[PDB]
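Single-letter residue listing:
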Amino acid sequence: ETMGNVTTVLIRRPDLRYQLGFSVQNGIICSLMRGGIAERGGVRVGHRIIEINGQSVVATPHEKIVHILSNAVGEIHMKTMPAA
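Residues numbered from 1 in each chain as written, not as in the entry; some residues may be left out. Heavy atoms only, no water.

- The PDB entry lists the chain under the name Amyloid beta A4 precursor protein-binding family A member 1, with Homo sapiens as the source organism.

Below is the structure:
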């Protein structure tokens, strides 16, 4: 599993008030807040989140993907691809 163009991201989130800092739609990063944790994480726009903290969310719906990101803090391992 995890083949090809995968760019793992580590988000280190202090708590829930420190939101990701990137706008995602359906798992695809649409925008990134510069200076935010996501930038520090290595998140880039035009990337598709394929996994979050050990669960492949690439087949996970919008809500779920967002709900999961919204509640996860600490060292967060995501796997992103160039949305291809």
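### Focus: the overall build of the chain
Stage number 1. For the chain, the helix and strand inventory stands at two helices and five strands.
Stage number 2. Its helices and strands taken in sequence order, the chain reads β-β-β-α-β-α-β from the N to the C terminus.
Stage number 3. Since a compact globule built from 84 residues should have a radius of gyration of about 12 Å, the 11 Å found for the chain is in line with a globular shape.
Stage number 4. Principal-axis analysis of the C-alpha atoms gives the chain an extent of 30 × 20 × 20 Å.
Stage number 5. Of note, the chain has its 9 positive side-chain charges centred 6 Å away from the centre of its 6 negative side-chain charges. (Helix = DSSP H or I, 4+ residues; strand = E, 2+ residues; numbered from the N terminus. Rg over C-alpha atoms; globule rule 2.2 N^0.38 Å. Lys, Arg positive; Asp, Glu negative; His and termini not counted. Charge placed at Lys NZ, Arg CZ, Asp CG, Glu CD.)

### Some words on helix α2 (residues 62-71)
Stage number 1. For α2, the set of buried residues is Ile65, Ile68 and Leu69. Along the long axis of α2, the arc covered by the buried residues comes to 95 degrees, so they all point the same way. Exposed side chains of α2 directed beyond 90 degrees from the buried face belong to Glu63 and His67.
Stage number 2. If you follow the buried residues of α2, they end up packed against β1 (7-13), β2 (22-25), β4 (48-52) and β5 (74-81). (Buried < 20%, exposed > 50% of the residue type's maximum accessible area, 1.4 Å probe, protein only. Arc of directions from axis to C-beta. Contact = heavy atoms within 4.5 Å.)

### Observations regarding the environment of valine 57
Stage number 1. In this fold, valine 57 is placed in the loop between β4 and α2.
Stage number 2. Remark: the alpha-carbon pair of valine 57 and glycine 21, spanning 36 residues in sequence, is separated by 18 Å.
Stage number 3. Every residue in contact with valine 57, bar those within four places of it in the chain, is listed here: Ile49, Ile50, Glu51, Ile52 and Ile65.

### Considerations on the side chain of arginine 48
Stage number 1. Tracing the sequence through the fold places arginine 48 in strand β4.
Stage number 2. Despite its burial, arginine 48 pairs with no opposite charge, the nearest such side chain being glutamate 51 at 12 Å.
Stage number 3. Of the polar contacts made by the side chain of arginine 48, one reaches the backbone oxygen of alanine 83; its length is 3.4 Å.
Stage number 4. Dropping the residues within four chain positions of it, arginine 48 is found in contact with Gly27, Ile28, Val58, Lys79, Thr80, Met81, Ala83 and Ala84. (Salt bridge = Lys/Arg side-chain N within 4 Å of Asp/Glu carboxyl O. Polar contact = N/O pair within 3.5 Å; in protein donor to acceptor, adjacent residues only side chain to side chain.)

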